[PDB]
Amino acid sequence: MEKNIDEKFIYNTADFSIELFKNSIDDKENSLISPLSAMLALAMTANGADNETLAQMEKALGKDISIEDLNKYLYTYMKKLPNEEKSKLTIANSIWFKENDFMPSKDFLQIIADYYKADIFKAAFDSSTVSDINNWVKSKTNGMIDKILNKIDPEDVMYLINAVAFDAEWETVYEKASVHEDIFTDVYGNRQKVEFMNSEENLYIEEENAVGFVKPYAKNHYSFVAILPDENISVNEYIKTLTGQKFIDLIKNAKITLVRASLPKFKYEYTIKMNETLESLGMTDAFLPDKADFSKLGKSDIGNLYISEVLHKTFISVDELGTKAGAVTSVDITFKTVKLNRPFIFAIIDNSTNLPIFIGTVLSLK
């Protein structure tokens, strides 16, 4: 069942992660995605696909990596992602299907149970199912994301859902002396206070049109990457230049040197529909009712299955103690006041691979 995390998986997953990120950026709102969460929901979904639908999904997620191999990689990756006190990362997968109208295939359920440890819910798909799903997402994100849906559409027979919950303390927490209230004018022209957190860091990011730092969480399994585009490039143009290769390299090439770092406390939520991004990665058939082939999922009594929407919800809170971040990705479920003049890109990275568990932008605060 296992397949050792190797350079192929790292750089292929890095490419997916950055392509996902660079196509999920809001113009004014802070953005945040978990490539890991998206990958897992979509990889589960791909195990129900056949023919062209499957080939497109395999390529979108892994390029030359087959779904069988991606299953092994992801199973192994999830197995090895550290989860310790002060350095928590938990992953949860589930499938929800309408028992009356849908008969899931045994091979599919086995793969999903075995490689993805997915909870399998035979459901009524009524108002009580909505409660059950939301309670599940609330539990698996430790309250960070409380709802993913409000109603169930009459055509719905199966949902696939992933949740990721991250909760880590800084290796060195910010003492009171290192936190200061700074004065900003908001979009309405009113003055308010934002707390900024000072530290000494020992990894300095230096690239064309960007500087930044890497700050470790307790036990060093994960770190926080901060990247500040300079006056000669926009946030959007900087993000446009990013590739999986460039992202891994900028972390690898970080210089071991003392840096005076400043990070604002920040907290926000983000919701994005991933259909168009996924179609740009080559995954088109899956979204087409007349073309989609999800015959390996099982048999629906209401015709051929296709993906209606891929929805992504995220949450982050960065403070003096550490960072909590949460994500949900679902398949088939259908304003900040202080504008920063020094906006920045950030990532929460797995230090064993340099892969971004979470990646986002801070354009505004409060």
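Counting begins at 1, following the sequence as shown.
Where coordinates are absent for parts of the deposited sequence, a chain break appears; between neighbours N304 and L305 there is no such break. Just going by the entry, 295-303 versus 41-49 on mean CA temperature factor gives the higher value to 295-303. With 311-319 and 23-31 compared on mean CA B-factor from the PDB entry, the stretch scoring higher is 23-31. In this structure the maximum Cα B-factor among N209, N100, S199, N83 is found at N100.
Within the listed group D132, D285, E175, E171, the record reports its top CA B-factor for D285. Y204 sits in the lowest third of its chain by CA B factor, as recorded in the PDB entry. Ranked against the other modelled residues of its chain, the C-alpha B-factor of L340 as given in the entry falls in the middle third. Sort the modelled residues of the chain by CA B factor and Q192 lands in the highest third.
For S105, the recorded CA B-factor ranks within the highest third of the chain. Only modelled residues enter the ranking. When the modelled residues of the chain are ordered by C-alpha B-factor, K140 sits in the middle third.
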